[PDB]
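First, one chain by itself in structure tokens, the form deposited in one PDB entry.
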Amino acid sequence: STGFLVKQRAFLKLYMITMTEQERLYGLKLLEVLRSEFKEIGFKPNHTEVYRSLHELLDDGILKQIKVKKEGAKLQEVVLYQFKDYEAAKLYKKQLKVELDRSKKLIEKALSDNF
């Protein structure tokens, strides 16, 4: 790595944590939800991308799965996520501020140097 700007991967990973920290949801939902909180700014991620973030937070030993099967019209086997390791959860939820803080400087530096 050269340490440019934050990867989309890590960016989403962080939204999951935050959203899990409260809403406690499943993939396809998050996607739709994020697609609304960024619609205006024109950032539209995709399920596959959203999914990969979740799966990653698995091997990182954090968010663990938790499958649910209910009865009725929306008869899905929807998959929710909760915290596995909360220690790592806030360990990561900070080494990500650092990157967002570092990545801001650039967009500023650029926006200033060039303009």
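In this text, residue numbers run from 1 along the sequence as written. If you superpose the two forms and keep the largest set of C-alpha atoms that fall within 1.5 Å, you have the rigid core.
The same protein has a further form, the form deposited in another entry, not shown here; the description that follows concerns it.
Trainee: For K39, is the CA shift between this form and the one not shown at least 2 Å following rigid-core superposition?
Mentor: Shift at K39: below 2 Å after core fit.
Trainee: Rigid core aligned, does the Cα position of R9 differ by 2 Å or more between this form and the one not shown?
Mentor: No, the C-alpha position differs by under 2 Å between this form and the one not shown.
Trainee: Core superposed first: is there a CA shift of 2 Å or greater at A88 between this form and the one not shown?
Mentor: No, because once the rigid core is superposed, the C-alpha of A88 moves less than 2 Å between this form and the one not shown.
Trainee: Comparing against this form, do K74 and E21 have their CA atoms pulled together or pushed apart in the other form? The difference is 3 Å or more.
Mentor: Note: Cα gap between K74 and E21 widens in the other form.
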